[PDB]
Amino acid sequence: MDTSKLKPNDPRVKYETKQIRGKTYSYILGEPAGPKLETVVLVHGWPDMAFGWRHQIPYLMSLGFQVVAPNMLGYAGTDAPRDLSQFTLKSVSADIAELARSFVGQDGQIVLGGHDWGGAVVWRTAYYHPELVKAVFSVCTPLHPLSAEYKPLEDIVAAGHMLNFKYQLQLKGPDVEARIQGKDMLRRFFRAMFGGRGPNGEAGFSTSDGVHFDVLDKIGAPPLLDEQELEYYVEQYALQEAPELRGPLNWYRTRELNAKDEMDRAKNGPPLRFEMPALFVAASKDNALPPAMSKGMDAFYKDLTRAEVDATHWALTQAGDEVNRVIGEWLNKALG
């Protein structure tokens, strides 16, 4: 079959929805070449969508995998509930668990892949539902411990800590949600998020201040999306009701809710312990999730495979062929 990356509305895959835990969940479904080895569920992050796995979906299909890549909660054709507790890692993990079992049955198992916020989802999903996750990998996103304590992010960065996360203050606030509405602003927003630059090298986004609205006017062609792919992101993000980015930005408004769930797990529940085979693909030039952030991550895993790729945060695409290689070979050993 054709293993080249998915094009917008590629006919090699199917585009379906299912009711999942009260929400409409849109997803990409790719059927395997040959008898199904495993079902692989891929979870994207912010500000991405299922199409963000366009390099991995046809590749994993050609390896004999069924591939389910949902548009996560708040993105594209998937519902964006008003309630913030729907956006916790626990609830979203339960969404992935019910969606995965809608294909492999309640007794079945899956391979689970995540990137950015999706990588955090799949670690938590492997933690909450070990019966389901036969193998799990995450690109860029390392494991983070069960929250033992809640502190406002303002106070954390005010003390000089977690400075690589200070962009989240703007994202969770009203500025990005109010100003990035309609396709015209979405097109500039995506040009900024995927590497576009201004006449004097102005970046449209930074990990310190977030979106630079002052710059989106002069933001140029992004090096990491072609014109067809950029228009697809705009079209799919336009499927959300205005303000279109409320759903995606809701993922940055759940620090306290996630803290309340995991402060319970830290006290009573089982520890962060991964017995199934695991892979972590770090990205060298990811300024949001730097490789050094994964320092003592190996201690939580019985079987963690480490790899690192010289790429930006957008390693699934910028280094799609290399990421495909790391996944396929690790998957080949992890499954036998």
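Each residue number is its position in the shown sequence, starting from 1.
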Between the two ranges 302-310 and 37-45, the one averaging a larger CA B factor in the entry: 302-310
Stretch with the greater mean C-alpha B-factor as recorded in the entry, comparing 110-118 against 226-234: 226-234
73, 216, 249, 97, ranked by C-alpha B-factor: the highest one: 216
From 245, 171, 263, 92, residue of greatest CA B-factor: 263
Third assignment of residue 268 from its chain's C-alpha B-factors: highest
Chain thirds of CA B-factor: placement of residue 254: lowest
Chain third (lowest, middle, highest) by recorded CA B-factor, residue given as residue 131: middle
Lowest, middle or highest third - CA B-factor, residue 145: highest
Chain-relative CA temperature factor third for residue 294: highest
